[PDB]
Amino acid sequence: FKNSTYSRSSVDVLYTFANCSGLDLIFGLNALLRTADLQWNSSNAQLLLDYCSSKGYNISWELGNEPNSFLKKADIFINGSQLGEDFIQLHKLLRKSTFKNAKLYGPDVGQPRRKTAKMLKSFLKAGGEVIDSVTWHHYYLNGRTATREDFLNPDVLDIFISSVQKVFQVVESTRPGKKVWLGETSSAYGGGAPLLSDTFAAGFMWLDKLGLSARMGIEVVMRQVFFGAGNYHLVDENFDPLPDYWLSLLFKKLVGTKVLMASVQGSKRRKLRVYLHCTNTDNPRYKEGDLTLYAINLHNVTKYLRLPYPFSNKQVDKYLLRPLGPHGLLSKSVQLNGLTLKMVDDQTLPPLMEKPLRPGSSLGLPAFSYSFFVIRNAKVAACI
């Protein structure tokens, strides 16, 4: 990797894209600009901050990406204490800028191996006062070696749980109550697993990661990437949405901010994975008190889910996602309740149509599939 320059024009393209799309831009600053005694040289950042101020851009900041691997990447070692001081200096610069209340996130460390955990802990000791959220990264697999079986394996899915617990151990020991974000995450690193990261099969990992993150206390999850060279993109090089885009859209329309819990009775919680939130209140079809269950079936047969009292007779809407053939789980097309999801045109997303179930019926979840279910008139007071 070599140094490269970018222009005011590039900044404007990026900001405009975010602003016109209703997204909140977070811009990562170069942390490898060091002085004589290996302090962060902030002068280039100053130039950028000045330019963004002048244009009136509302932007949040990070500093560095995966500092745990700077030795590998640039043959420079920066310890967590120093990094924390570097964030303190950025925070002073932001406070002297025209957006003095701009948010700062970091340190965008990798998953918590011993050396990374140490770096994170020393960073939070030093710099943890000035960050608005702790960011860390997670990947399940190496894109070069990942297999299809890996994408379907509950033991692979389960590994994320230990990473989350380790990060929270570091955080509770240094800055308890600080928010924790996944700042970069996907199925597989090295740009994704060819013919797997861009398919229906990628959804088992992504939907589970979402479920677990929400359940375990992660506040925001940042998907690597929306659009780009890597196979883990939500949108391919033709600007066409892949199955994870559709899953992500459905998730956003159905799943609320209040996180609850679901679990399956019996000693086998591995292959049938279930999550429960309040329904997204901004959804016009649903009302205060409704619940959104989501479930992943990694068994090779259909399972039939029974809702507990007092929800066993309620009207439920199904939103079942299944691949369009002939390529099965390796398909790049998906059907919602048997209707292929496709843009209406370049300006128009289709409607996401429910399938009402017979009140009192068990919820059918075919083998190797994922579905959302909205329990209408659930009248859950915690959601209201």
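We call the rigid core the largest set of C-alpha positions that still match within 1.5 Å between the two forms. Numbers follow the displayed sequence, beginning with 1.
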*How do 113-121 and 135-143 compare in 6 other deposited structures of this protein: which one has C-alphas farther from this form after the rigid core is matched?*
113-121
*asked:* To spell it out: superpose each other structure in 6 other deposited structures of this protein onto this one by the rigid core, compute Cα RMS over structures and residues for 294-302 and for 269-277. Which is larger?
replied: 269-277
*Output the stretch having the higher mean C-alpha B factor in the entry; the candidates are 261-269 and 230-238.*
261-269
*Take the C-alpha B-factors listed in the entry for 338-346 and for 42-50, compute each mean, and give the stretch with the larger one.*
42-50
*Among 136, 246, 309, 204, single out the one with the highest C-alpha B factor in the record, please.*
309
*Can you pull the Cα B-factors for 332, 322, 318, 34 from the entry and say which is highest?*
34
*Sorting the chain's modelled residues by C-alpha B-factor, tell me whether residue 123 ends up in the lowest, middle or highest third.*
middle
_Quick check on the deposited entry: does the C-alpha B-factor of residue 366 sit in the lowest, middle or highest third of its chain?_
lowest
*Thinking about Cα B factors across the chain, which third does residue 301 belong to?*
middle
*Against its chain's modelled residues, does residue 185's Cα B factor rank lowest, middle or highest third?*
lowest
*Lowest, middle or highest third: where is residue 172 by Cα B-factor in its chain?*
middle
